[PDB]
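As a plain string of letters, each chain reads:
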There are 2 protein chains.
Amino acid sequence: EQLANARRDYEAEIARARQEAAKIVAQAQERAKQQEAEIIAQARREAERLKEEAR
Amino acid sequence: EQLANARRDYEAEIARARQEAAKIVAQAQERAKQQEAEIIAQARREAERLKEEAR
């Protein structure tokens, strides 16, 4: 009975850790991609506008 | 007593598994916020770097 309980506890703990990692990793990538995309777009718009103004 | 404790251990394993599952979600939410903030901070530096390159 104790061995079966340990097996059930190990499976639940591993699944909980796996679920925790997936949610945390996805949030970091989503936030970084959203933040990085805005960085490139902001510079691209300014560069195009500045080139016409300087000319 | 061991037989009685075995039933208690089986119940303890279920209780510990639920506690770990709640802790995993709590750890994931805390980790995701820090991971997103750290990635945003690096991308914010890149945004200034992209703006500096554009200027």
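Residues numbered from 1 in each chain as written, not as in the entry; some residues may be left out. Chains lettered and ligands numbered in written order. Part of a larger assembly, values for the part shown. Heavy atoms only, no water. Residues with missing side-chain atoms left out of burial classes, pairs and counts.

Structure determination for this PDB entry was carried out by cryo-EM, with a resolution of 2.89 Å recorded in the header.

Enquirer: How would you explain the overall build of chain A if you had to name every residue and give the values?
Expert: Scanning chain A for helices and strands turns up one helix and zero strands. Computed over its C-alpha atoms, the radius of gyration of chain A comes to 24 Å, more than 25% above the 10 Å expected for a compact globule of 55 residues. (Helix = DSSP H or I, 4+ residues; strand = E, 2+ residues; numbered from the N terminus. Rg over C-alpha atoms; globule rule 2.2 N^0.38 Å.)

Enquirer: Break down the interface of chain A and chain B for me, citing the residues and quoting the values.
Expert: Each side of the interface is counted separately: chain A has 17 residues, and chain B has 20 residues. Of the residues assigned to the side of chain A that touches chain B, the class counts are eight nonpolar, three polar and six charged. (Contact = heavy atoms within 4.5 Å. Nonpolar A, V, L, I, M, F, W, Y, C, P; charged D, E, K, R; others polar.)

Enquirer: So what about the packing of helix α1 (residues 2-54) of chain A against helix α1 (residues 2-54) of chain B? Which residues, and what values?
Expert: How two helices sit against one another is set out by the angle between their axes and by the gap between those axes. It is the contact of α1 of chain A with α1 of chain B, at a shortest axis distance of 7 Å, that shows an interaxial angle of 15°. Put simply, α1 of chain A runs roughly parallel to α1 of chain B. The hand of the α1 of chain A/α1 of chain B crossing is right-handed. Classifying every residue of the contact of α1 of chain A with α1 of chain B by side-chain character gives 20 nonpolar, four polar and eleven charged. (Axes fitted to C-alpha atoms, helices over the stretch in contact; angles between N-to-C directions. Parallel < 35°, antiparallel > 145°, perpendicular 65-115°, else oblique. Left-handed = near helix turned anticlockwise from the far one by under 90°.)

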